[PDB]
């Protein structure tokens, strides 16, 4: 890999860590980088030892956005071509949980990439923003959708129309991120979180993740019916039986992913 670095972490290497490694362009997400990222994601998704994935960048930047230089001379017809900014949402197809550990800059595509993850942990100095408007364009990877649904209309409108950045504290207060940690312990805290998740049944975890994601795709009435079906279906797994036995039997549960 020329733009990313990967390694297994956790107690039993149950955690997959992906680090964007293109320091020069503040981790600008060029087409090649996305290519590798999707590869890394796929390998971890296929590895039956990995139960969760952690995504992070540098200390100064998570990602400053997509590569502006690569899209400077593209056309409207270039957009309906199919080779312009494709595969950006492959991460939304990963069944396993993905935690974004954000230190420093998370702008444009960078902020959008973090929002595509299931959980976001931010470093004390992290900064989020959607500056697309300053470049004469608008967010094109969920910046007007995921952001608005987490932060509320007023703050989303202010961010998208002005291009202003918000601090990690503001992001936590608004619900964009769920935890803030010191710059130097961020990635570690993220890994510990991934570890807790990796310890649970992989099949049950995948169902829970689907259920939560469904909250943004249907009415509450139907969302609850779907959730109920998923709940019922867990009763067809062995881990559910094992899990509830471990409780009454007041012992630790040992899930075997099925």
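Numbering follows the first chain given and starts at 1.
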Does the comparison with other entries of this protein show residue 172 left unmodelled in at least a third of them? no
Go through the other compared entries with residues on either side of residue 76 and state whether a third or more give it no coordinates. no
Going by the entry, of stretches 85-93 and 108-116 the one with greater average Cα B-factor is 85-93
So which stretch wins on mean C-alpha B-factor, 211-219 or 26-34? 26-34
In the PDB entry, which of 224, 201, 56, 39 has its C-alpha at the highest B-factor? 39
Of the three thirds of the chain ranked by Cα temperature factor, residue 153 occupies the lowest
Check where residue 72 lands among this chain's C-alpha B-factors and tell me if it's the lowest, middle or highest third. highest
Taking the C-alpha B-factors as the PDB entry records them, is residue 102 in the lowest, middle or highest third of its chain? lowest
Would you check the entry's CA temperature factor for residue 141 and let me know if it's in the chain's lowest, middle or highest third? lowest
Using only modelled residues of the chain, where does the Cα B factor of residue 230 rank: lowest third, middle third or highest third? lowest
